[PDB]
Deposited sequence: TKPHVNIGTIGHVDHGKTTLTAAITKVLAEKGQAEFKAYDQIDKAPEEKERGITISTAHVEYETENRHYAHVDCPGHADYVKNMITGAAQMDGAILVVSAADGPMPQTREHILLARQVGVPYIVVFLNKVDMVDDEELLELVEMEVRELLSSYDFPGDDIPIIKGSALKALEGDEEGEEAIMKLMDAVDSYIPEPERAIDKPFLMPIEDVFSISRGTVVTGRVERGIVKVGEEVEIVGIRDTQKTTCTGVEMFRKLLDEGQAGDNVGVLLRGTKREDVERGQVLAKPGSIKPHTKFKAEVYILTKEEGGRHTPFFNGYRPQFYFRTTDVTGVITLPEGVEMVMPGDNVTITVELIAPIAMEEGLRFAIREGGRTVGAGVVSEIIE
């Protein structure tokens, strides 16, 4: 019944991300809309090893009167870099926690930057520890700096909701703290939009295999949107884009009239040659996506223990980039002042592939070396 939304607390270590998370569950639990999770339950988040990468993440759920939320909170900076780049925890919005006494700190800056690189749509701020600041004019100045920092990374710093409170007071049952928590959740309900359904997006299916029996059939999972018998589709990319019509959709022993987000199907293509279709291309609504060879991306480089490299790479490093279904070789260019990239670092890079790929901001990929994963990335900018 209630719409679902995924959010999380970001911010510098020790500014109160975990205390605020606990306070949210406590106050909403007091309204009969969540189970209360204490500070220690959340601070001691379990390790989850997906694909060699190990990440500590606390998962709580709670509801307002309008929505149902899934909430992620992580102990260490490194955990946020990982989750945000790999996508192990998506965020329809983020709650930025900033200590009112200390103000923005390096990881406050980095999480805003990451939030923009990976496409976190919108941010709300909880300006925490107001009980340690006794001067109103000091409070306004720190709020002012936060809005500038947000705007310096293209978020609407002038329009973002910033709620001032004390998560620890709220957790002690203080009435003024609890009101701050509800001001925060009222802003989350109002300012963070509900995510677009996958089935409502323009059709896109990555091609995993190609067959010629009836004619040419391609198999894969429909990533988003719907494809119906009789509709036109474009084939992107690697080669010049081309257009055809869907004449059939099917599973095991089951013909279909349509294929929609989440379905594993085979799609009949009319008059398309098998040699003109190959793994790595995608089917898509005509005009909805384009092929590109060059782009910028935010990447996380796996550590030795995570199965990655154990030596840095330098400008001109030439690995394979795994987009959806296959590798494509590309050359890496490093930022202006960056000289090397150590295992475990995150950095923004420019890449030029040797072949085009259907590409768009927010597309995730792996970096591979010798058939081994060495990095994970997110396309942050297209370069034509």
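Missing C-alpha coordinates mark just one deposited-sequence interval: 214.
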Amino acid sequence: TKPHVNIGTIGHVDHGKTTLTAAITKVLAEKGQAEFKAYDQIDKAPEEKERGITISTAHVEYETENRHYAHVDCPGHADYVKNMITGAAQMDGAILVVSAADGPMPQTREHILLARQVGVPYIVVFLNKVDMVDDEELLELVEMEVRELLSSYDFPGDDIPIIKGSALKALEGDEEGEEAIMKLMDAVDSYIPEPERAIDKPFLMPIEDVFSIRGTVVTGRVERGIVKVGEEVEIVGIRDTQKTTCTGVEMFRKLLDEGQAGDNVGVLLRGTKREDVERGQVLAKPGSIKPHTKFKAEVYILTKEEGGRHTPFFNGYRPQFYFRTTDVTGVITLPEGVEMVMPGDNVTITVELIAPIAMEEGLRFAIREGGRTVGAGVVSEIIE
From here on, numbers count along this sequence of modelled residues.
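Averaged over their C-alpha atoms, the temperature factors of 37-45 and 65-73 are higher for 37-45. Between 247-255 and 276-284, the higher mean Cα B-factor belongs to 247-255.
Per the PDB record, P156 has a higher Cα B-factor than any other of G165, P161, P156, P206. Of the candidates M342, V328, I349, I53, it is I53 whose Cα B-factor is highest according to the PDB record. Annotation for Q107: CA B-factor lies in the highest third of the chain's modelled residues. Ranked by Cα temperature factor within the chain, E234 sits in the highest third according to the deposited record. In the PDB entry, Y122 places in the highest third of its chain by CA B-factor.
Compared with the other modelled residues of the chain, the Cα B-factor recorded for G371 ranks in the highest third.
In this PDB entry, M359 carries a Cα temperature factor that places it within the highest third of its chain's modelled residues.
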